[PDB]
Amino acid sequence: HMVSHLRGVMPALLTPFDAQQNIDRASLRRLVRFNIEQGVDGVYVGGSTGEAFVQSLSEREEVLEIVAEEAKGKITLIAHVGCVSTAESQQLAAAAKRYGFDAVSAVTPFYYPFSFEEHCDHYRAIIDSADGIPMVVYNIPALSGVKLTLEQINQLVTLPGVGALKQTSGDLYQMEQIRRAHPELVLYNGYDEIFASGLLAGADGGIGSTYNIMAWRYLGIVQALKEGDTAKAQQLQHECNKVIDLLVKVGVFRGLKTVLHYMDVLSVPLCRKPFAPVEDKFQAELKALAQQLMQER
């Protein structure tokens, strides 16, 4: 209950890079400001979408501190501190605390198989280093390879210090079961392409990569379902998925960064290798989308 201030719609921040694959600090600050001015409830920093796993610890800390400088006190700040290593995750959690974040988050540690008790002790250690700011468990089985049962999720979200679950799963039976077992839990829908259905199943917010370019649509789905405008929520999700279809074709992170570049938010839209640049044949569609989204506001 006492972490209700974490509920809402938060973009998973992209990390802008310059032409030589170094962090573009000026464009990062502009992206934070852009998201604030979209009216989002918070920002989620250094997650999957932030290309955390092709960055060093010091690079991730640098991003966390910059975003806190632009955003502390204006919107909720959540730091994704997860690494495979518990000690590395603890370092990032202690940094997030120093910089004034409102919460930390960690993906279930991946690549190596760990027992469920090893997962729990990993979260417990990070929570200790977070030094009193709450933890968001981040579940993304498609990418982590970690396949938790409902009963395991129930144990994770009741660990002391856990205040939320980021549920990047398309299983909306499980989403409803989680909500029914935990009526006050902050529960973020993780797959943008099912946002409206995920809210209906029990999520009370979302963390999403595509919110960086069209957060007003997701805020509008929240409002429509609250108002009882079924058709409007469906038409908004329809338009979101037209965009997601295109992003999946071109490559999601780089497509988002390219749209943001055509919106004059990011100076350079590159991802880090091994992500390739966008193919030239997609540029016209991405620029047209940027133009469409700016007009729609």
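Residues carry their position along the shown sequence, with the first being 1. The term rigid core refers to the maximal set of C-alpha atoms that superpose within 1.5 Å between the two forms.
Participant: Which of the two stretches, 213-221 or 139-147, moves more in 5 other deposited structures of this protein when the core is held fixed, judged by C-alpha RMS distance?
Facilitator: Output: 139-147, the stretch lying farther off on average in 5 other deposited structures of this protein.
Participant: Test of understanding: from the entry's C-alpha B-factors, which stretch has the higher mean, 146-154 or 100-108?
Facilitator: Averaging CA B-factors over each stretch, the winner is 146-154.
Participant: Mean Cα B factor from the PDB record: higher for 228-236, or higher for 267-275?
Facilitator: The stretch with the larger average C-alpha B-factor is 228-236.
Participant: Determine, from the deposited record, the chain-internal third of the Cα B-factor for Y218: lowest, middle or highest.
Facilitator: Middle third, going by the recorded CA B-factors of the chain.
Participant: Going by the CA temperature factor in the PDB record, which third of the chain does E51 belong to: lowest, middle or highest?
Facilitator: Its C-alpha B-factor, which the entry lists for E51, ranks in the lowest third among residues of this chain.
Participant: Split into thirds by Cα B-factor across the chain's modelled residues, where does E62 land: lowest, middle or highest?
Facilitator: For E62, whose C-alpha B-factor we compare with every modelled residue in the chain, the answer is the middle third.
Participant: Could you place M10 in the lowest, middle or highest third of its chain by Cα temperature factor, using the values in the record?
Facilitator: CA B-factor rank for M10: middle third.
Participant: Based on the entry's values, in what third of the chain does the Cα temperature factor of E69 lie: lowest, middle or highest?
Facilitator: Answer is highest: the recorded C-alpha B-factor places it there.
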